[PDB]
């Protein structure tokens, strides 16, 4: 049967100065698209999130790492494409809040209800809603949660926690900031305690710092959340070699890999963008980070191990992978750290596509939770914010601009952005959709009742 193609090569076909040379298409696409459509059940879902990776971040990373007529073998290879909205809600009024934070957007694809900036897993009325990871596990599917961020970070956290503030990392912060979720006040716990109660088969990421926190109540009071994880039966891993020796990850032997105290290291370094950086300073070439290490698994390696372990479950699996520091670096106005993290994510999408195209029954979805600050501007721009000129693979210079704040971070933006997919039920990402629809597409694809 024509079992669904990936877009093989969408690079410019020839000499970009010549007629037809910059074309990405060889022929008519109708039949390839016809063969890409299937409403059969999805056995597995792999959802890759570039945090903050709107189309601007994708173009900039492409121009730099692959050239303007280049092609990302992972990211750009998904055949069904759309654009979706991710506006949040204003908690007091219930009216749209046009620019979402990373908690309210993540809660929307994980539970299918809109919420307010800061909420995790609860709606504006502070009522919880089951998440797609809780439902998959209730149906017996294996589940995985992978990020390069600390695991208490808004995006992995939204899959396993229901707190009224993304700040309730562990016991201290929760008692203070989320009293009604505080375990000593009869609540469900902090993000980390809920992480631990949620028991996904594979959880991989950073954030080991909050696991030193000690519980205020419950049958594990006075123990650290790390001790509690061990007692409860998790196999803890802290470096790449131990991750590679893990052969089983399942419900009474769940894997928890904590590879960094905070966020895992970024791939590329570069200077921060500066006022009139393109006019006043030289073009930049990004530097590989000397401290990332063979001891610290890359996102693609974490993805790969996750798929290996999770696919031993006969029933199927749900996996979420997060390319977390695209956002952070965009916030920091650091082009090289932002682009390196988009390159890094592209390798994980490659792994995912590899497995999915071999397996024939996996919906792979690649999107971002919201748009962000960076804009590609003409090389000579005199802009009011932070700018930087970079030397791209084409041997030309590209200038990036961060101009939506005078304060500490550069902000997110509310523009609609790409969602792309491959596999059974991928048709539901084409055209205009809302971020909450992603929930219902994945629930329906998997057939969760």
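Residue numbers count along the first chain shown, from 1.
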Tell me which stretch, 147-155 or 362-370, has the higher mean Cα B-factor listed in the entry. 147-155
Check the entry's C-alpha temperature factors for 101-109 and 177-185, then say which stretch has the higher mean. 177-185
Reading the B-factor column of the entry, which of 294, 322, 330, 201 has the highest value at its C-alpha atom? 294
From the list 287, 238, 278, 164, select the residue with the highest C-alpha B factor recorded in the entry. 238
Determine, from the deposited record, the chain-internal third of the Cα B-factor for residue 9: lowest, middle or highest. highest
Among the modelled residues of this chain, does the Cα B factor of residue 412 put it in the lowest, middle or highest third? middle
Sort the modelled residues of this chain by their C-alpha B factor and say whether residue 246 lands in the lowest, middle or highest third. highest
Using only modelled residues of the chain, where does the Cα B factor of residue 26 rank: lowest third, middle third or highest third? highest
Splitting the chain's C-alpha B-factors into thirds, which one does residue 39 fall into? highest
